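# Coordinate inspection notes
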Amino acid sequence: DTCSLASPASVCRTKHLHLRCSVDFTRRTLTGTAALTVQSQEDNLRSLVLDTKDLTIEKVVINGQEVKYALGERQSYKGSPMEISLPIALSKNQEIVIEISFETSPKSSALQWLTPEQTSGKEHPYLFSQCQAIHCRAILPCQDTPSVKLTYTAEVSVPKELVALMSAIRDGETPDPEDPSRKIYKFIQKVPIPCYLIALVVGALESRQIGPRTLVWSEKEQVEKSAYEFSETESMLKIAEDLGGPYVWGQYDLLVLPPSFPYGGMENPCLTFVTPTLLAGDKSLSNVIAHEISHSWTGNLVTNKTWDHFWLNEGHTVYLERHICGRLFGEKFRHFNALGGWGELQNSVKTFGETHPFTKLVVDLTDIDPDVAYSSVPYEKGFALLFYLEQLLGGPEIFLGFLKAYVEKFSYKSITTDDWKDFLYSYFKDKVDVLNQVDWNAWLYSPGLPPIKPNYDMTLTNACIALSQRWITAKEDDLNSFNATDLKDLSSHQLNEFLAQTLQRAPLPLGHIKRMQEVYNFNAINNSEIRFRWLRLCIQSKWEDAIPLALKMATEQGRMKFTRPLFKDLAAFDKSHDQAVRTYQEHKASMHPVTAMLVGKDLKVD
Ligand SMILES: c1ccc(CNc2ccc(OC[C@H]3CCCN3)cc2)cc1
Ligand SMILES: [Yb+3]
Ligand SMILES: [Yb+3]
Ligand SMILES: [Yb+3]
Ligand SMILES: [Zn+2]
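Residues numbered from 1 in each chain as written, not as in the entry; some residues may be left out. Chains lettered and ligands numbered in written order. Heavy atoms only, no water.

Going by the header, the method for this PDB entry is X-ray crystallography, and the resolution given is 2.20 Å.

In the nomenclature of the PDB entry, the protein is known as Leukotriene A-4 hydrolase of Homo sapiens. The title given to this PDB entry is "Leukotriene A4 hydrolase in complex with N-benzyl-4-[(2R)-pyrrolidin-2-ylmethoxy]aniline". Heading Pathway of the UniProt record for the protein holds this comment: "Lipid metabolism; leukotriene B4 biosynthesis." What UniProt states about the protein under its Sequence similarities heading is, verbatim, "Belongs to the peptidase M1 family." (UniProt positions renumbered as here; feature names shortened; annotations may be inferred.)

Put into structure tokens, the structure is as follows:
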């Protein structure tokens, strides 16, 4: 594991974490103890190494006495390794508890601390975590590798008017004995998980039940809207259970975060985290929920052993997601989404360049910050490989049989690409000659678009392409023929695909874009996917009226899918360049630490 400085699982492994901590909003620190139950995998083990990042270590206690530890030099985005001297040498399989008193930095990359004004209610502050990929070390000392799976329990002291939630079953609450202005929330996660799945939020939260095993959680002002948006959740769980086997996590709760949440969603066990940019008013962005649900099998049960193997998580999860959405809304819709995805892959490959190492399916992360490598490639090249295998090997019913067997086989494990490929070949031993037709070396190890494109139903895509083509080939004297009725029979998804089709050919003449606003009134659509793509098209087509709209969307939410390209478009437009860097500089301090880092790199600032 090239992204971790800890002792590998061949040396020792964490089986359990007990976390007791207090969330201090005045200092923006989390302070407490992490008791790691560690099992030796070696004879005569006398030291072990943990990952840390910007932690302050007070002391390390084993068998009731303090022990020697040392922090090595910081290795950039990897943090600093912490070597611990064991008081007694351990034999193979022996376990001990190591209890570490620690405190986080206010500047912890795993965490965003929000002032009251940054929330809906404007009364209370808010804290949230996002550990994936390698930020759990910025919360607590751990072996920060998905190659190790541990259970955990926690007790978290927070100001009594706030609520703590984690990726775990809620285990009760009480006043804090040590300070009656506080409450302690307790948590148990009894299913072994990789440490990137450890998550905390603390805020003025409320919940509403929306299914037999689902509460939606948010600040008071979003609860009603969220409950409606995510009402398909239980029915997606039922379908996911048909496809992946039993749901083993007990609860499936949803947490809708404040707008700065850096991603679409994070599949935290027991409590999925989603962006509020999903709240479109019509459930149209529900594929993200289906995605997060799917991770309860692919990712959370079968986990990538290292981050080089991240496509295992995402490709399988996108593949199950599109199946759930296919069940709900028809096989033509699965194909429409599948084809859209291939279009998103062309975009990423074009952005990075077609010989770029990040466009490889399996990546080598040696010396690479995983946050910098992150993109649509593992999702879409991964999905495209599985969609191609589906078609090669006899269709969706046959391939779903493999997917279910794959989950059973590697449940509670961490695996590599060769483990998966090996199982694939074993499962389809009667179709090995077909599998030997796959260019594996190209699919897995080569940059650029895949060597083969799957076959796609075009039914729902056609009208999108026909309209996109009308606009691109139009001349000035054709602009009059466009009318609000062009969009008549297009769903929100088709408007989005129409915009994506056209964005692929941007810039368009500025007169065309103005006409498009005149006839389609895209400025008035609040759907975040549609508005995102429409504003990108305006900025790339040099429409100055779109500049304050694109500045406003980039900074009013922080979902990096939207905030990173909007800022990048704005800096590439000469008329908005200085404003873009001005805006970033002003917002930087109150941005998500990783978001701030990546936007800065994108803009070449600092
Ligand atoms: C291709 C691209 C990136 C990588 C590893 N980097 C990586 C970086 C961040 C990751 O998680 C961040 C967000 C994504 C949604 C939930 N959390 C996950 C992986 C591996 C292969
Ligand atoms: Yb020994
Ligand atoms: Yb209990
Ligand atoms: Yb084999
Ligand atoms: Zn995912």
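Past the structure itself, the notes keep going.
### Some words on the side chain of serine 7
Following the sequence through the fold, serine 7 ends up in the segment before β1 (12-24). Under the relative-accessibility criterion, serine 7 is labelled buried at 8%. A distance of 2.8 Å separates the side chain of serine 7 from the backbone nitrogen of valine 49, its partner in a polar contact. Look past the residues within four positions of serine 7 in its chain and what remains in contact with it is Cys12, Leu48, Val49 and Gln143. (Helix = DSSP H or I, 4+ residues; strand = E, 2+ residues; numbered from the N terminus. Buried < 20%, exposed > 50% of the residue type's maximum accessible area, 1.4 Å probe, protein only. Polar contact = N/O pair within 3.5 Å; in protein donor to acceptor, adjacent residues only side chain to side chain. Contact = heavy atoms within 4.5 Å.)

### Focus on the site of ligand 1
Around ligand 1, a shell composed of 15 residues is seen, among which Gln130, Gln132, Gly265, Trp307 and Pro370 lie nearest. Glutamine 130 places a polar side-chain atom, nitrogen or oxygen, 2.9 Å from a nitrogen atom of ligand 1. At 3.1 Å from a nitrogen atom of ligand 1 is found a side-chain nitrogen or oxygen belonging to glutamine 132. Protein coverage of the free-state accessible area of ligand 1, which is 500 Å², stands at 98%. Taken together, the elements giving at least two residues each to the shell around ligand 1 come down to β19 (265-266) and α6 (370-373). The element contributing the most residues to the shell around ligand 1 is α6, with three residues. Its residues placed into classes, the shell around ligand 1 shows eleven nonpolar, three polar and one charged. (Near = heavy atom within 4 Å. Areas by Shrake-Rupley, 256 points an atom, 1.4 Å probe, with all protein chains shown as cover. Nonpolar A, V, L, I, M, F, W, Y, C, P; charged D, E, K, R; others polar.)

### A few points about the sheet that holds strand β9 (residues 111-114)
The four strands lie next to each other as β9-β10-β15-β12, forming an open sheet whose pairing is antiparallel. The sheet terminates laterally at β9 and β12 (163-166), the two strands that pair on one side only. If you compare each strand with its neighbour and ignore which way they point, the axes differ by 10° on average. When strand β10 (residues 126-129) meets strand β15 (residues 200-203), the two strands line up antiparallel, connected through two bridges. Bridge pairing in β15 places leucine 127 opposite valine 202. (Pairing = 2+ DSSP bridges. Axes fitted to C-alpha atoms, helices over the stretch in contact; angles between N-to-C directions.)

### Quick notes on the coordination of the zinc ion (ligand 5)
Looking at the zinc ion (ligand 5), the protein donor atoms are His291 (NE2), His295 (NE2) and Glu314 (OE), and they sit 2.0 to 2.2 Å from it. The sequence motif formed by the donor residues of the zinc ion (ligand 5) is H-x3-H-x18-E. Of this pair, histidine 291 sits in helix α3 (residues 287-294) while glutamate 314 sits in helix α4 (residues 311-329), and the two are 23 residues apart along the sequence. Overall, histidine 291 belongs to the buried group, its relative accessible area being 8%. (Donors = N, O, S within 2.8 Å, 3.2 Å for Na, K, Ca; no water.)

### Topic: the environment of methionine 591
Residue placement: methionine 591 occurs in the loop between α18 (577-587) and α19 (593-603). With a relative accessible area of 14%, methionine 591 lands in the buried category. Distance in space between the C-alpha atoms of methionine 591 and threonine 555 is 8.9 Å, their sequence separation being 36 residues. Not counting residues up to four positions away in its chain, the partners in contact with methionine 591 are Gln112, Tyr584, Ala596 and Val599.

### Here we look at the state of the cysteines
Within this structure, the stated rule accounts for zero disulfides. With no disulfide partner, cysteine 131 has as its closest neighbouring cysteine sulfur the one in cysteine 136, 4.0 Å distant. Among the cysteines around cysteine 270, which has no disulfide bond, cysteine 131 carries the closest sulfur, lying 15 Å off. (Disulfide = S-S within 2.5 Å.)

### Concerning unusual backbone geometry
Cis peptide bonds are those with omega within 30 degrees of zero, and the linkage from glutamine 132 to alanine 133 qualifies with 5°. Mapped onto the elements of the fold, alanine 133 is located in the loop between β10 and β11 (149-159). Between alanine 506 and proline 507 the backbone carries a cis peptide bond, its omega angle lying at 5°. With a phi angle near 45°, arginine 28 is a residue other than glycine that sits in the positive phi range. Mapped onto the elements of the fold, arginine 28 is located in the loop between β1 and β2 (29-40). Relative accessible area serves as the criterion here: at 32%, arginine 28 is assigned to the partly exposed category. Notably, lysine 604 is not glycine yet its phi reads approximately 55°, a positive angle. Mapped onto the fold, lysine 604 is located in the segment after α19.

### Quick notes on the UniProt feature "active site" in the protein
Within the UniProt annotation, "active site" is assigned to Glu292 and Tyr379. For this annotated set, covering 88 residues, all C-alpha atoms fall within 13.0 Å of each other, a compact arrangement in space. Mapping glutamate 292 onto the fold places it in helix α3. Those residues within four positions of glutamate 292 in sequence are excluded, and the remaining contacts are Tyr252, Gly265, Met266, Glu267 and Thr272. At 3.1 Å, the side chain of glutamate 292 forms a polar contact with the backbone nitrogen of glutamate 267. In this structure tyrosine 379 comes out as buried when scored by relative accessible area, which is 16%. Setting aside anything within four residues of it in sequence, one finds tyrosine 379 in contact with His291, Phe310, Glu314, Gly315, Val318 and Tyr374.

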